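In the entry's author numbering, the protein residues as written are 430 to 473. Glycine is no exception: its CB is placed at the ideal position from the N, C-alpha and C atoms. I have placed the structure first, in the form of structure tokens, so that the comments after it can refer back to it.
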């Protein structure tokens, strides 16, 4: 692809991909920091 895609795609994949990792890390971190807390157990 030589044409200045600029718009890597009207839906830039890297932007889409970055979003997933941000959330990926967020959920993993969420679980651990909450891990020590034992998070919850709402049911209780």
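Under a three-way DSSP split, which group does residue i fall into?
{"i": "residue 470", "result": "coil"}
{"i": "residue 443", "result": "helix"}
{"i": "residue 430", "result": "coil"}
{"i": "residue 453", "result": "helix"}
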